[PDB]
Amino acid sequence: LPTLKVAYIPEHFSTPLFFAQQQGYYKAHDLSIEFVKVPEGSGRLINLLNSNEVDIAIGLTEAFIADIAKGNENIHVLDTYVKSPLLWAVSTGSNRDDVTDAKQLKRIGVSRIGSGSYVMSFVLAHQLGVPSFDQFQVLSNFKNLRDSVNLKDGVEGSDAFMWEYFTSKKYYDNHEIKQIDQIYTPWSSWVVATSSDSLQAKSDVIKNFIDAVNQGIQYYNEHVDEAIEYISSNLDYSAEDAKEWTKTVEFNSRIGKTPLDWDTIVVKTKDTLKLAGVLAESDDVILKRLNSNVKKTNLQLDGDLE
């Protein structure tokens, strides 16, 4: 089977991928995997796929759904990696006595326009029963977002920003920022993606990988304690946070065995992205591009007589 270069993100979510290697599930499926650590995020994962530098990518769902719906016909969503949604925390300055809730927010801080922190602001407003926010502050990175809400020097001030909870929890504990709200993603958090080229020339090997990921997920579910020990010893998370994290996460134990949920992966995500103004194209064209790039079935091997 062709060599597969898998671009992943060094997070607690990548735990099953690690155990699959530890238990040698990959080699068991006759696979030669070359993992490519991508701390930059899902944004770079897509770039690595488009440049043919990697065969497979595992990142946030909304990233791959948006890119496909925006025109990129070289990206394919194969299956769901994490069935449970992502928890976004709404934060502000720890000493912002003027900001006591997510109510009456004006200046919303975001890393980039069209990013997760930006798109989720529309979900926040929707659930709050208030019009979408219009004043966005681009702070580039997470570091600046905290300084912004804290009204520190070097950056423009902002009322609040959104960021993954467990990532923000560290800064709740050190009293650098405070939580004013929490919002779940309407969709499942993580998915498995590939390129048109890798899927066309390396289909069979990709299937075995997904099955290998399936066993890795099974090992995780049957060895939570070992996963906690791994995360709090190799990743940027304490034993406590790693413990609570496992209580909120549900990997797709049916990955490769059952088609992904279209409503919870495509529909809800599409509706949100369009609400955020990320998708300017018509409904028919968007849905058309999603119907051909998002798998409605699991990968299968060709027949012997074929």
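The numbering used is simple: start at 1 and walk along the sequence shown.
Stretches compared: 30-38, 250-258. Higher mean C-alpha B-factor in the entry: 30-38. Taking the mean C-alpha B-factor of each stretch as recorded, 204-212 and 184-192 are not equal, and the higher mean is that of 204-212. Highest CA B-factor among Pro85, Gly93, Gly114, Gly154, as stated in the entry: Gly154. Residues shown: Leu78, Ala102, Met162, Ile217. Highest C-alpha temperature factor in the entry: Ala102. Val130: CA B factor in the highest third of modelled residues in this chain (values from the PDB entry). Ranked by C-alpha B-factor against the other modelled residues of its chain, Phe136 falls in the highest third. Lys170: CA B factor in the middle third of modelled residues in this chain (values from the PDB entry). In the deposited entry, the Cα temperature factor of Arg146 places it in the lowest third of its chain's modelled residues. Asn72: CA B factor lies in the highest third for its chain, per the PDB record.
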